[PDB]
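What follows is a short report on a single structure.
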Amino acid sequence: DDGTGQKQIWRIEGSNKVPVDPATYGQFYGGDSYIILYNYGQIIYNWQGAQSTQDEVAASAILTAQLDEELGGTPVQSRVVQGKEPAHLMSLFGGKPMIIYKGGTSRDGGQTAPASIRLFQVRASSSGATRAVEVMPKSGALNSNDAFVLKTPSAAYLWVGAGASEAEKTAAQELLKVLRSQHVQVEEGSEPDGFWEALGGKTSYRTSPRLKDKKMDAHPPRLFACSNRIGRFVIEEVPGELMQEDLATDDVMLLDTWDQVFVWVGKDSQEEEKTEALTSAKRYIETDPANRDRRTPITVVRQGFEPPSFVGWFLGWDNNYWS
Ligand SMILES: [Ca+2]
Ligand SMILES: [Ca+2]
């Protein structure tokens, strides 16, 4: 409907279900799971932070079951994972974006504290759904297509890539509010020396003509998963926001960015899987010549050696993820 309805949010901790500060709703901790209750018929969502411990997810289910029962099993349960939130769940916070802090809580380990120099990638969806994810404070994390927010104990910068859309921009400010800091909007390219210092690096980040394009809207990057494990090569499309966790380490991935088609080769994929993936990249291109420049390259990249211009299409990236 509009997410405007009333709602209560809890953050599983160990085995309990402590509430979430009503003012800090739009915010969540990736290293933890949450249980939210909404009212249109009620729908309970069971969010899972990408870096949420096992016990935290397990317990979550045990609790997300009782609540449904307390309400007479009437509510419609719904499980979701970071980055793959439905259009509805993204509206539950009015216009505000969905902040995703790094860290959270755990059994033995308490509630991890922030840093001092923090960086957030603000990417918006086709429809508008904006998310702000906390990343590693390094220039190499920058990305011409989105808007970032670099916050130091002193001042904060609102970096805006050449591809950043209006939504991502405004949502950047919104994050600034939650952070509570006077920012300084800096357009990609003309940034203050006093900025790179916080990142503690020279430059070199995820860029490319295509990442800066303002017409990518005609056809946003589509990530497909090709596997051959049932006996015949079968291709499926990855839903929601593209995420590193989406890259099938046992299969082959296809990243059509229209102007170019990447074929990501999983460290544990098969050889035929790669061979058929290539042929697929070909047919995707030859599917509509009149609109697709016949000479479109099909680049082959391997897990662990992906170029920035490729990683730049994902929301968040851990150089030591598969490590
Ligand atoms: Ca963008
Ligand atoms: Ca496989």
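What follows draws every value from the coordinates through simple rules; no lab data is involved. In this analysis, Cβ positions are derived from the backbone assuming ideal geometry, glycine residues included, and neighbour counts consider all displayed protein chains.
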query = How many residues are in a loop (DSSP other than H, G, I, E, B), over 26 Å from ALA147 (Cβ atoms) and of a type in the set (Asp, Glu) when one looks only at the stretch 66-114?
reply = 1
key: Residue within the stretch 143-158 that is away from ligand 1 (no atom under 16 Å from the Cβ), crowded, with 22+ Cβ neighbours inside 10 Å and closer than 15 Å to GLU188 by Cβ present   = yes
ask   = Does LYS274 fit the bill of being crowded, with 17+ Cβ neighbours inside 10 Å, more than 19 Å from the chain's Cα centre (by Cα), within 16 Å of ligand 2 (Cβ to nearest atom) and not β-branched (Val, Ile, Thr)?
value = yes
message = If I filter the stretch 254-268 for residues that are within 21 Å of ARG210 (Cβ to Cβ), more than 16 Å from ligand 2 (Cβ to nearest atom), part of a loop (DSSP other than H, G, I, E, B) and out of contact with any helix residue (DSSP H, G or I) (no Cβ under 9 Å at 6 or more places or on another chain), do I get at least one hit?
response = no
message = Given the condition among the aromatic types (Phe, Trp, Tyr), surrounded by 14 or more Cβ atoms within 10 Å (Cβ to Cβ) and touching a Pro at 6+ places or on another chain (Cβ under 7 Å), answer yes or no: does some residue in the stretch 11-30 qualify?
response = no
message = Out of everything in the stretch 32-87 that is over 25 Å from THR112 (Cβ atoms) and of a type in the set (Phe, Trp, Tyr), what residue ends up being surrounded by the most Cβ atoms within 10 Å (Cβ to Cβ)?
response = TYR38
message = Being among the basic types (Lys, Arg) and within 19 Å of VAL311 (Cα to Cα): is that true of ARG229 here?
response = no
ask   = Exactly one of (1) in a helix (DSSP H, G or I); (2) on the phi > 0 side of the Ramachandran plot is unmet by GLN173. Its number?
value = (2)
request  = Search the stretch 78-96 for residues that are acidic (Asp, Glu) and pair each with any residue that is not in a loop (DSSP other than H, G, I, E, B) when their beta-carbon atoms are under 9 Å apart and the residues are at least 6 apart or on different chains.
outcome  = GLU85/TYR45; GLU85/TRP47; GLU85/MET98; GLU85/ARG131
query = Restricting to the stretch 94-119, what's the tally of residues that are of a type in the set (A, V, I, L, M, F, W, C), out of contact with any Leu (no Cβ under 6 Å at 6 or more places or on another chain) and over 16 Å from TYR34 (Cβ atoms)?
reply = 3
message = Being of a type in the set (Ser, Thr, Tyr), more than 16 Å from ligand 1 (Cβ to nearest atom) and closer than 17 Å to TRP322 by Cβ is the requirement here; does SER269 meet it?
response = yes
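Yes/no per residue for (1) of a type in the set (A, V, I, L, M, F, W, C); (2) part of a loop (DSSP other than H, G, I, E, B); (3) within 16 Å of ligand 1 (Cβ to nearest atom):
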| position | (1), (2), (3) |
| --- | --- |
| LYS177 | no, no, no |
| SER181 | no, yes, no |
| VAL184 | yes, no, no |
| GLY194 | no, no, no |
| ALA198 | yes, no, no |
| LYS202 | no, yes, no |
| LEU211 | yes, no, yes |
| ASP217 | no, no, yes |
Count of the stretch 216-275 residues which are touching a strand residue (DSSP E or B) at 6+ places or on another chain (Cβ under 8 Å), acidic (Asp, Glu) and closer than 19 Å to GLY163 by Cα = 2
